[PDB]
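Worksheet for the structure shown next.
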Ligand SMILES: Nc1ncnc2c1ncn2[C@@H]1O[C@H](COP(=O)(O)OP(=O)(O)O)[C@@H](O)[C@H]1O
Ligand SMILES: Nc1ncnc2c1ncn2[C@@H]1O[C@H](COP(=O)(O)OP(=O)(O)O)[C@@H](O)[C@H]1O
């Protein structure tokens, strides 16, 4: 069961885009299995972005990502990691195509509304960092026979 | 700070309407301050519906509301309880007007997608039943000066 970690950033919350992000995944048949709103601590954010810890903008990113609530969530379905990346669009909004989240809503790489896992290994790490196993819900989608072979 | 308790029911999750419900409140300027997905236990559901415990359909409602995950959430803003009720529409979908959630999406009172508090006192009780105070996030909406006097 492929899963990906999606997270609305503080600017996505402020601009009222939480439902929009969820709905883009639901409309593609993906199964919401976990979600919550929280203030993320600096330590959690530093671990989440550990691959970037050596970059100049790391402290600014961490301080920004803790400056208002975020909405982490988990979606499940076929090719959800790769399709999640396409649906979010390029990291830099000016490189993203219309129809993607960042192409429709963003103008600045530093205010690009949403985070999504870039690989299966990253998804598994991020899911387990933000959610305990008991927060992940299991159910069978009624439309399952019509969304994949 | 007025708050209301909104909850997507198992049929709203199955039919991919979670983001739609959130977005109707965000588009009206209301502030999302708490959300999670969970399997609700029978005991929690019986307390939530305690006013109905003497009615014939009570056990069926409780069993149904525990048959798949739900998405409880909390919104904050001026007249959010009363406006929440109008936005959801009448309990019986056939009595609800188009433009409301149940008027747009529902055909059966027993599958009417979403729950919302019917009064301020009910909202405070339900919020505290489903969420500990630490799950409620506080922030200032940037659009605050433009959504109310
Ligand atoms: N040059 C930059 N200046 C400011 N913020 C940046 C810059 N590059 C990346 N960021 C922020 O840090 C995050 C790092 O994520 P990354 O894995 O590089 O790409 P993506 O967010 O598309 O997965 C970005 O989403 C963005 O918000
Ligand atoms: N006659 C009925 N048959 C089956 N289910 C019902 C019936 N009446 C109410 N319910 C269910 O129980 C819930 C009780 O909520 P109630 O406070 O009566 O109205 P509302 O849901 O509009 O606040 C309804 O939302 C509905 O899902």
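Read the figures in this text as sums done on the coordinates, not as results from a lab. When we count neighbours, we look across all protein chains shown, and the Cβ atoms used for this are built from the backbone with ideal geometry, even at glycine.
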Measuring from the longest principal axis of the C-alpha atoms of chain A, the long axis of helix A:120-130 (C-alpha) lies at a number of degrees, nearest 10, equal to 70
Relative to the longest principal Cα axis of chain B, at what angle does helix B:18-27 sit, 0 to 90 degrees, rounded to 10?
30
From the helices alone, meaning DSSP H stretches of at least four residues, give me the mean residue ellipticity at 222 nm for chain B, per-run term -39500 (n - 2.57), in deg cm²/dmol to the nearest 500.
-10000 deg cm²/dmol
Between the range B:106-122 and the range A:94-127, how far is it from one alpha carbon centroid to the other, in angstrom?
34
Between residue B:52 and residue B:121, what is the spin-label point distance in nm, taking each point 7 Å from the Cα along the Cα→C-beta axis?
2.0
Taking the label point 7 Å from Cα along the Cα-Cβ vector, the copy-to-copy distances for residue A:97, listed from shortest in nm with one decimal, are 4.2
Taking springs between alpha-carbon atoms closer than 10 angstrom, which of A:54, A:41, A:117 fluctuates most in the Gaussian network model of chain A?
A:54
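Can you list the equivalent-ellipsoid semi-axes of the protein assembly as shown, largest first and in whole Å, using the square root of 5 times each Cα gyration tensor eigenvalue?
On the way: eigenvalues 202, 97, 69 Å².
Each semi-axis is √(5λ); the values are 32, 22, 19 Å.
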What does the C-alpha gyration tensor say about the overall shape of the range A:58-146? Classify as rounded when a/c is under 1.5, otherwise prolate if a/b is larger than b/c, or oblate.
oblate
Pick from A:27, A:78, A:125 the residue whose mean-square fluctuation is largest in a GNM of chain A, springs joining Cα atoms under 10 Å.
A:27
Just checking the output field for B:3-13: average partner chain Cβ neighbours within 10 Å of each residue's Cβ?
1
Chain B: relative contact order as a whole-number percent, Cα under 8 Å and 6+ apart:
36
Using only Cα atoms, locate the centre of the range B:1-80 and the centre of the range A:32-58, then give the distance between them in Å, rounded to an integer.
29
Within 10 Å of the Cβ of an average residue in A:131-140, the count of other chain Cβ atoms is 3
Highest first, please rank the peptides A:105-113, A:12-20 by the mean number of other Cβ atoms sitting within 10 Å of their residues.
A:12-20, A:105-113
Approximate shape of chain A as ellipsoid semi-axes (Cα gyration tensor, √5λ), whole Å, largest first:
24, 18, 14
Chain B: most fluctuating residue of B:38, B:73, B:65 per GNM, C-alpha cutoff 10 Å
B:38
Put the label 7 Å from Cα along Cα→Cβ for residue A:60; what are its distances to the other copies, in nanometres, shortest first?
6.1
Mind checking the mean number of beta-carbon atoms from other chains within 10 Å of the Cβ atoms in B:30-36?
5
